[PDB]
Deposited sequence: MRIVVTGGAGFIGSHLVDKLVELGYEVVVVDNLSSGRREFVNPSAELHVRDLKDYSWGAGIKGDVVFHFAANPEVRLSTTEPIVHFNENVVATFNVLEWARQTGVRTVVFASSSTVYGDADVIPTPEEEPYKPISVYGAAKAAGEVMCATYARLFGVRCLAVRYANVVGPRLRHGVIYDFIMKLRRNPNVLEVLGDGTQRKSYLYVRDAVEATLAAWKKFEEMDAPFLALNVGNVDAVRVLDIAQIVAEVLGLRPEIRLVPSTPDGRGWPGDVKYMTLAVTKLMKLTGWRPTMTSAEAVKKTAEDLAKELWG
């Protein structure tokens, strides 16, 4: 079948595209290359440079399933204007749903986020916890989920919403690990750290997403939201230490809408698919620093 992956030139999307291609699917990538890169696109995939903010972004594009992963990256949320978060998340997602409805797409796998929970009352956070986002980005992802669930109920466009915790690995060009490497690249002797969160290596995240999608296609529920992340967490200061050692540096650490604590409960995912993380958060962070060192140092 034909699978459309929006944001397929980006970090998670490009790895997801690689796995779908390895599994034999005909993959179509749609990406505006705002944060993604043509170098990350699998040679076997068909790239279409379109902007999802345009209602007509999908003219001529057909697929049976769409993995809607396009969005501005979840980083430095307070420094981007709210209208950018709104347009790149809510308007883009609505436009994807209208294209899905009008072209008869059967399934939307939406890349959601732990940010829809905001500063959760319960941690590890189960899927039942309410939307209490504290960033415009978080509100935008929650609104996207509400719209997806409604299109599933009303138009039969089924949706699996994957709420990701932090995902890390090769090709990453945003986030705390990338930031620390770039800071040490600027000055290897000092590292400025301005939090405890769960990190999943991208290989694990893609496996979990695809295993969940497979099970979802075997279910008949119109909509399902599922957390995808690791079972543990690491503190920002530990990330800082791991990155330094990978680089063989001994920097002087200097402390100088963002959710402070996050860890999603992944009991539903594990129960539904048998999936298990293959690396701890600390291990996912170390491998990623090693991956990025070769790409950025």
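- No C-alpha positions are given for the deposited-sequence stretches 195 to 198, 261 to 270, 312.
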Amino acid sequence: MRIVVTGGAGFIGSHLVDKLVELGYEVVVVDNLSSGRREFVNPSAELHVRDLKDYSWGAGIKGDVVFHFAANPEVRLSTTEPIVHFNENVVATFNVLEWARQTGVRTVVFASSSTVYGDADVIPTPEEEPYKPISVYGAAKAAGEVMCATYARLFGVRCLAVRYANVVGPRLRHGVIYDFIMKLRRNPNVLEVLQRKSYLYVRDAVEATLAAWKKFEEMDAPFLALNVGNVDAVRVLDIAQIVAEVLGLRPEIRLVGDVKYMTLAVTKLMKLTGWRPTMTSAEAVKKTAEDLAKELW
From here on, numbers count along this sequence of modelled residues.
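- When the mean C-alpha temperature factors of 219 to 227 and 145 to 153 are read from the deposited coordinates, 219 to 227 comes out higher.
- Annotation for 167 to 175 versus 183 to 191: the higher mean temperature factor (C-alpha) is found in 183 to 191.
- Taking only the listed residues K197, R158, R101, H85, the entry reports the highest CA temperature factor at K197.
- Within the group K53, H48, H68, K271, the record's highest C-alpha temperature factor is found at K271.
- In the deposited entry, the Cα temperature factor of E74 places it in the lowest third of its chain's modelled residues.
- Residue-level temperature factors show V259 in the middle third of its chain, judged at the C-alpha atom.
- Sorting the modelled residues of the chain by their CA temperature factor places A120 in the middle third.
- Ranked against the other modelled residues of its chain, the C-alpha B-factor of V30 as given in the entry falls in the lowest third.
- Among the modelled residues of the chain, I3 sits in the middle third by CA temperature factor in this PDB entry.
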